[PDB]
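I have placed the structure first, in the form of structure tokens, so that the comments after it can refer back to it.
Virtual Cβ from ideal backbone geometry, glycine too; neighbours counted across all protein chains shown. Taken together, the values in this text are just the output of simple stated rules run on the coordinates, not laboratory data.
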Amino acid sequence: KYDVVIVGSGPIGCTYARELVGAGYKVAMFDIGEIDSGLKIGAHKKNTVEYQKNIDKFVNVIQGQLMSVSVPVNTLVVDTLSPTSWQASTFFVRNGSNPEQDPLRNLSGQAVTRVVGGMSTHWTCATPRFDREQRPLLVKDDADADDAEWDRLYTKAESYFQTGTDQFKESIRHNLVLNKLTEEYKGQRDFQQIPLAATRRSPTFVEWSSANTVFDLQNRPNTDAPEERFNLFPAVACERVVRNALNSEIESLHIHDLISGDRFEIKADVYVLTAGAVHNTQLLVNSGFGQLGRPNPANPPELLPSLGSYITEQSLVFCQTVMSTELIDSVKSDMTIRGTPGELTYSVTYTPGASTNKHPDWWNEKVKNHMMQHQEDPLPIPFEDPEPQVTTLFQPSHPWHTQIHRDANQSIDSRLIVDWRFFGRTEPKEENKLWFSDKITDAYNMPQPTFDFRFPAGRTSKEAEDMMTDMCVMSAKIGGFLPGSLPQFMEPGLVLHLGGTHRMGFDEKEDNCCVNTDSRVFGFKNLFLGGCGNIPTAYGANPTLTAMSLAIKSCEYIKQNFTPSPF
Amino acid sequence: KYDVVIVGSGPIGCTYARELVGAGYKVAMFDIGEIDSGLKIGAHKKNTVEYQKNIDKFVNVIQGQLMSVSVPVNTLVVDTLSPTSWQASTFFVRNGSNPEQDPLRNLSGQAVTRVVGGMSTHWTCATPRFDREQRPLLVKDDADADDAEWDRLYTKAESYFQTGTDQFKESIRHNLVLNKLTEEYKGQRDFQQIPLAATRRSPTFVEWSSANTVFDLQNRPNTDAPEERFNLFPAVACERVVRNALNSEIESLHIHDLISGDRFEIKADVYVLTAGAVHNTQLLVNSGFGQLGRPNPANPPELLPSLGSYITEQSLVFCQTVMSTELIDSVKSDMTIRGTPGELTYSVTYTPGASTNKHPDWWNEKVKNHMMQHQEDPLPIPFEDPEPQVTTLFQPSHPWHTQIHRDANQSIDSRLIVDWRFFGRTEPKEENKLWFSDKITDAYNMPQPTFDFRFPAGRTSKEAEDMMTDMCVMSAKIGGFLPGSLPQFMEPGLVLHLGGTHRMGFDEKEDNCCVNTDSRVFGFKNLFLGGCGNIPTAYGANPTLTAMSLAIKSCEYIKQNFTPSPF
Amino acid sequence: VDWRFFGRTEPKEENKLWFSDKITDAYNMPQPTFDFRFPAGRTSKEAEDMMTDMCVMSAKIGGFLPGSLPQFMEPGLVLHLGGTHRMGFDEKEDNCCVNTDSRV
Amino acid sequence: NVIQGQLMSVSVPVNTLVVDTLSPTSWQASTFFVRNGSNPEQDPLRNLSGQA
Ligand SMILES: *Cc1cc2c(cc1C)nc1c(=O)[nH]c(=O)nc-1n2C[C@H](O)[C@H](O)[C@H](O)COP(=O)(O)OP(=O)(O)OC[C@H]1O[C@@H](n2cnc3c(N)ncnc32)[C@H](O)[C@@H]1O
Ligand SMILES: *Cc1cc2c(cc1C)nc1c(=O)[nH]c(=O)nc-1n2C[C@H](O)[C@H](O)[C@H](O)COP(=O)(O)OP(=O)(O)OC[C@H]1O[C@@H](n2cnc3c(N)ncnc32)[C@H](O)[C@@H]1O
Ligand SMILES: OC[C@H]1O[C@@H](O)[C@H](F)[C@@H](O)[C@@H]1O
Ligand SMILES: OC[C@H]1O[C@@H](O)[C@H](F)[C@@H](O)[C@@H]1O
Ligand SMILES: OC[C@H]1O[C@@H](O)[C@H](F)[C@@H](O)[C@@H]1O
């Protein structure tokens, strides 16, 4: 028996733990995954010396822990088998495929991560705020009060994540890109560093934030926290929350211990579901909320009818570019260069502090030393130059988020290469659904998730195409596309920004929603949901900071309404 | 000051730790890599519930921690860049390529793993013994004595790794393949389970062994080992062992703390280098052994002239097959079938204990149950059936090792798919070298490894091609090739069975070697090397068990010649 | 729908087609060799602006077809090579080979 | 296919692609020698490789 139970140890679950453990509550947390980021439980897997020396290899870490949500039955013809080899006569259900899934109405790129710390063990750490246009209301009819509340919540969330906008300031590549783009837009658009949940440790090492940063996930009481009470139980599949008959309270959490194999129930005062946008919905439907099986509107569910509807996933367009000759030449614009590299007579000089220099001394010293010490290398950019991390944030006139950067997720020198990702907002629509099969089960014997999704016609589709054209226009100012990384739409859901599955609003019926602004499930005194599933709006920016802000507000309600047990 | 220092926390360094910590030595171990396998330090990363339910994803973990040893300068032509993008006029040194490396005399597949536990955090766990044809002598002029010593050491090594040959005995696929090959080669070749360092925990979970199995890597003293002394120090690059001017002793170990950046000098009575075949050799050359730089026979080294010569790497051929119709039908040969699947009166039955049955009762029960419970599925093989793990071990008449299995490293049902890997032996030749640049450095600022390797032209090459042919012949008995996994040689070194880089012999001169049969570096009182680099022969079987056997012997010597410090 | 936009290339003395004095082609004639780059100024600026124009214009009709994404084609695949024996009024002043009657 | 069938490349540079999965028994040169009708005069980076 606990004061609070939390399902999921990602960053949102850790937000609840951070708030509630600190406030004196007896907290248990369960995760279906296991501890696997070293001794700092739930930490970013990219924070090893080896990955930061070999960042090209981290893509495999990511790929290794993204398990696809819904894979349709495969209908590829292989007709070059030997005649002796067994072959079926039909495209039968095999290799994990979901026979409920229409392959043409899927989010084929959607995937989940079952490890302690969740997706925060691999994420890119971009943590922008949403502007009003993207942001759910927390106060109705008072924009100033709504702004105040959001500013306070985001500020706290930025603290928890260690968000900053300074960590890349001494990158020549970063500055080359930012300054060019700012020139070219002539005041029409603002460029800044991507706000990043991270702390630079040295010129070549960044400590990327994660769930661990928000809450260290060590059992308590401990030497550092002798009055706090926290237990983490990894490898525990949480299966059902038990409703009373009134549907006003949850009475227990049913769990499956994956190691021992045994099933147990856990009693708490407060139940918090932070299992991700897909898996929160799964656990709710497996507990009698919404509707199990293929949507049947002749028989609308009577508990939480908007659960699994109005789902939103962002369009994502991507390319890479190769830095223009003009830009590369500009790096050395202050230099006086004589002779031929590699010969006796060659020299590269600049005047320190000259007001007519385009660049500061630190830049020109780095460029001079590279050019003089590495005369075999034809570029002016130092080898260990940090990567670019640039954004122009969503605005009404360009309603997409942008990242102009190097993401982990070879003929051309990497110093020339810049990634472009533009993220569209998707209108919530009732027909876009995440539902669960009443007969097919997944690898943990839970109802199999199935999507029924298409990008809404109208504004969403128009904007997604305008967004593609915007990426093509803007990237051109920096360089031409890198062959093999040409402008493209990414597989639906590969972006992993799914929202709206258990969406927030003021009124269950009027706002077609599942939780109120305290993240409390309508009707239930002691059930709360956290995560991107809560977000009910069309948004283009990366959602986790916003989800964390909502979680902070939800914890405030819990602190106002439930008393910790005596220690 | 420690009694013993060990460089490297792989399964070999852990063999030394197990033995010497257990003998009461004050032991320090250093690894350049970090703790990242969960709370069991150095354990197998595949030992998670999620990976064993998604085995298809583990390949990405492997790829994520194999960092290529020597990458040649890239000469691919990219001539569809935009006219505005920067381009060099030459194929200059970029993206961490090694300009010393002839791309045509490389082991391009060779890679290293820098994590606590080394490569045993991702390995396949195949641990066969070598027969006399593949194995160095430990006793001269007495074959029965040599056999007896090898049997004693291998039996101990098998206990350390928890090697077994029974963990897959209840797999229908395994037995299907094993029995068919036994029948086809009646009286010509013998087949058995691959000996595997693994313990089965349930019908769907195997605890694969690793460094952590051999030694748990927990600092000591501790509650369970109150009288032992052991410290592990991750994220520490060991750079040099300091030789006296006599070249008779090592005086200290120089280390670089990668977190803090500082360097230190560590003293021990005994120094053990278990950094892998590549990095053992690197550390030694960086410490004045052998020769730094492109080899120069006009100036042979003074100290250990055989170091980095006579290197061996195995040829490896690969394909996959799709199980034959005849074999698939044979799985259900004892069943009586009535009706059509999906109909109310469909029936699959068998008679338990019937003399005419071709299979044991447990087999038929599994088949009947799958066919009745999954009438939509056209195959008789149960869904959770463990993979095949079959071998015919190396013999004079078929001088290659074989694995007929499923290794972690989509239209066709995976139940049909078998992997074939045949591994050739490579003659040691002085000309095949691993050397280290005197001007290029690697990501840790150590002399850049460079290979000069070709498969020797005579027996090695003849056998390699005969081995290919043997896989084509043998595989056809099970099924045709899987399109996209057709019979092929794998890139040189992808097999990661490199040997002979610091090779063992009785006589440094006569046997062209670096260590004696106690793995002690000739001339030096207190320096020992462990790993496959010690193996001086041509071998086709997987080397790690043999390396460990040699380490046990080395440890006996240390125990007999050095006194632990008083506790 | 296919989209092909074709840029103009400034004539520059340095961009050459020449013929080996030792290598021969399949008909035993001196082997052709190019020494070509797109000129760095107006030609290159226009080329990239042309790319951008195709992306902008094409979007009015539909999105790109996966596998035929916007790209520069290999140099010369267009087969619109010119100026190898070029016309002018004055052999010297106009750096040319034929007059306006195409007479050498 | 008719088009491709009658476009004969004008100048093909010397090929430097690394093929390191040949069988140990197959012949291999130790250099990227002039082969398969390539033009050793041609700088592969100052070509019109598409010309035919
Ligand atoms: C994968 C990815 C994600 C990502 C990113 C890049 C990649 C490659 N870049 C991001 C960025 O730059 N900015 C941003 O805002 N987001 C970015 N993301 C997404 C981000 O990682 C997620 O939005 C965030 O991690 C969501 O947090 P949340 O805490 O809500 O969920 P989670 O991380 O998925 O963790 C959920 C956990 O719950 C567990 N679980 C699941 N089901 C169960 C059940 N039934 N029982 C018990 N536990 C369960 C998981 O195992 C997991 O740990
Ligand atoms: C990658 C791989 C390995 C493998 C295999 C499958 C794959 C995909 N399957 C195998 C199998 O079935 N059977 C078998 O016998 N071998 C298998 N292997 C190879 C096997 O994993 C290795 O042979 C074995 O791990 C070697 O053990 P050893 O202990 O000698 O070496 P290591 O595991 O490489 O660990 C060495 C460590 O030392 C560190 N290091 C390196 N340099 C330094 C320096 N300078 N300073 C301090 N430490 C250093 C590493 O970081 C590492 O952990
Ligand atoms: O792969 C798509 C991802 O790419 C990164 O650039 C973003 F920061 C993420 O928010 C997103 O999940
Ligand atoms: O990928 C090559 C590897 O594959 C596995 O099947 C083996 F067991 C190994 O010994 C080897 O390292
Ligand atoms: O493939 C390039 C060619 O394509 C066609 O569309 C054009 F009409 C041509 O003038 C040109 O030679």
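Calculated FRET efficiency, residue A:466 to residue A:90, Cβ-Cβ distance, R0 = 51 Å: about 0.75 to the nearest 0.05.
Our analysis of region B:324-385 gives Rg over Rh at 0.94, with the two radii drawn from alpha carbon positions and Rh computed by the Kirkwood formula. Each label point was placed 7 Å from the Cα along the Cα-to-Cβ direction; for residue A:79 and residue A:145 their separation is 6.9 nm.
Just add up the charged neighbours of residue A:26: K/R +1, D/E -1, any other residue whose Cβ is under 12 Å from the Cβ of residue A:26.
On the way: positive: A:1, A:220, A:229, A:267; negative: A:3, A:227, A:228, A:269.
Once all neighbours under 12 Å are counted, the net charge is 0.
For residue B:357, no residue has an amide H sitting under 5 Å from its own, ignoring neighbours fewer than 5 places away on the same chain, with H placed 1.01 Å from N. Straight-distance candidates among the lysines for linking to residue A:1, with alpha-carbon spacing under 28 Å and chain neighbours fewer than 8 residues away dropped: A:26, A:40, A:267, A:525, A:553, A:559.
Once the chain from residue B:225 to residue B:169 is taken as fully extended at 0.36 nm per residue, the excess over their C-alpha distance is 16.6 nm. In whole angstrom, how far apart do the alpha carbon centroids of region C:41-104 and region A:1-64 sit? About 55 Å separates the Cα centre of region C:41-104 from the one of region A:1-64. Per-residue packing, averaged as other Cβ atoms within 10 Å, sorts the ranges B:142-154, B:201-213, B:84-96 into the order B:201-213, B:84-96, B:142-154, beginning with the highest. Counting, for every residue in C:73-81, the Cβ atoms of other protein chains within 10 Å of its Cβ and taking the mean gives 5. Bridging of residue A:462 to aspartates and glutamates at a Cα separation below 20 Å is possible for A:133, A:313, A:427, A:430, A:431, A:470, A:491, C:53, once same-chain residues fewer than 8 apart are set aside. Beta bridges per DSSP, both residues in the protein assembly as shown: antiparallel share near 75 percent. Once both labels are positioned 7 Å from their Cα atoms along Cα-to-Cβ, the gap between residue B:457 and residue B:477 label points is 3.6 nm. Taking every residue in A:35-41 and counting other chain Cβ atoms within 10 Å of its Cβ, the average works out to 6. Shape summary of chain B, radius of gyration then Dmax from alpha carbon positions: 25.6, 89 Å. Taking the empirical scaling 2.2 N^0.38 Å for compact globular proteins as reference, region A:323-447 has a Cα radius of gyration ratio of 1.77.
Peptide D:2-15 is shielded by partner chain Cβ atoms: per residue, an average of 2 of them sit within 10 Å of its Cβ. Over chain A, dividing the summed -39,500 (n - 2.57) contributions of all DSSP H runs of at least 4 residues by the number of residues returns a 222 nm mean residue ellipticity of -6500 deg cm²/dmol.
Between residue B:490 and residue C:18, the simple label model (points 7 Å from Cα in the Cβ direction) yields a spacing of 4.9 nm.
Across region B:363-373, rounded Karplus estimates of 3J(HN,Hα) from the backbone phi angles (6.51 cos²θ - 1.76 cosθ + 1.60, θ = phi - 60°) give 4, 4, 5, 4, 5, 4, 5, 4, 5, 7, 6 Hz, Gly and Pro being marked x. Relative to the longest principal axis of the Cα atoms of chain C, the long axis of helix C:42-58 lies at roughly 30 degrees.
Can you give me the relative contact order of region A:324-385 as a percent, contacts being Cα pairs under 8 Å and 6 or more apart? Write down the numbers at each step before the final one.
Numbers: 61 pairs, mean separation 19.6, N = 62.
Answer for region A:324-385 is 32 percent.
Residues whose amide H falls under 5 Å from that of residue A:438, counting only those 5 or more places apart or on a different chain, are A:293, A:294, with hydrogens built in the peptide plane. Each listed q (0.22, 0.24 Å⁻¹) maps to a log10 I(q)/I(0) for region B:1-88 from the Debye sum over equal C-alpha point scatterers, namely -1.12, -1.21.
Overall size of the protein assembly as shown from C-alpha positions, given as principal axis extents largest first: 100, 90, 71 Å.
Summary of the geometry: region B:229-300 and region A:368-427, compared by the centres of their Cα atoms, lie 38 Å apart. Sorted ascending by nearby beta carbons within 10 Å, beginning with the fewest, A:39, B:196, A:303 become A:39, A:303, B:196.
So how do A:57, A:140, A:332 line up by other beta-carbon neighbours within 10 Å, fewest first?
On the way: A:57 17, A:140 11, A:332 21.
So the residues, fewest neighbours to most, are A:140, A:57, A:332.
Once the other residues with Cβ under 14 Å from the Cβ of residue B:389 are scored (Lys, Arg +1; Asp, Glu -1), what is the net sum? Net of charged neighbours comes to -1.
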